[PDB]
């Protein structure tokens, strides 16, 4: 297809070149010749857009070197892009893009028009018009009815003047509106510490059930399991432990770690540890606690979780709970 491709180039040139150049070509060519060139262009194979640009730029360089002046080279490239058809892949891409925009706007169509009107009313009138231009007439009518009066008139006037709309711009507008609705829903909802709620439930469940649930959660998501277990025994739960349990904890925990942990601890938990030490060890502990001076909250928190890590091993070994 070497002579066929040269003929195909001729066909594309005929249709793409400026009319000053190609009017003379048409006059010299017979009707049979012109029709052979038209049939060649019509029967062209489809070519990816990036490859049509390289073909266009080759052709442009080739005819400039052939001795033909091209005043509007970018208009020549676009004309070649009209002649050479697009591929099935490119047709599918456009279809998929259109389908995604449709899916997004269907989700918008489900949303109460009072909510859409409320989210749209402080937007620029041209933005509201561009958005409403893509909705069903009854949706856009419902939204318009829930807008202020002078905005009803201005949005409809701007819709009236539209000659074009960029689909991707409106799609993006719609997705930001869906995220804003999702964000308002979170603000409308009661905040809930799910890891804590799950922890209480598990602590109420018997060990057989509790441990089998957690193990399965850990296999799929080991980070979530751990965040749940952190809530199952907290520093405040030291109150639940016996004096016997505290003695065993005092045998293992570092003094400095315990001192620091107790700086941000309630008074009854302080006394829970202090009452299980000796008179002199307790007295010296309180004295050294004042000796520390200003300690960061992040460090008090760290020492508290360290005591809890130690306490977990007691639950896994000695201390009943």
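Numbering follows the first chain given and starts at 1.
- Looking at mean Cα B-factors across 63 to 71 and 38 to 46, the upper value is held by 63 to 71.
- In this structure the maximum Cα B-factor among 223, 89, 96, 177 is found at 223.
- For residue 309, the recorded CA temperature factor ranks within the highest third of the chain's modelled residues.
- In the PDB entry, residue 23 places in the highest third of its chain by CA B-factor.
- When the modelled residues of the chain are ordered by their C-alpha B factor, residue 125 lands in the middle third.
- The deposited CA B-factor of residue 290 belongs to the highest third of values across its chain.
- In the PDB entry, residue 247 places in the highest third of its chain by CA B-factor.
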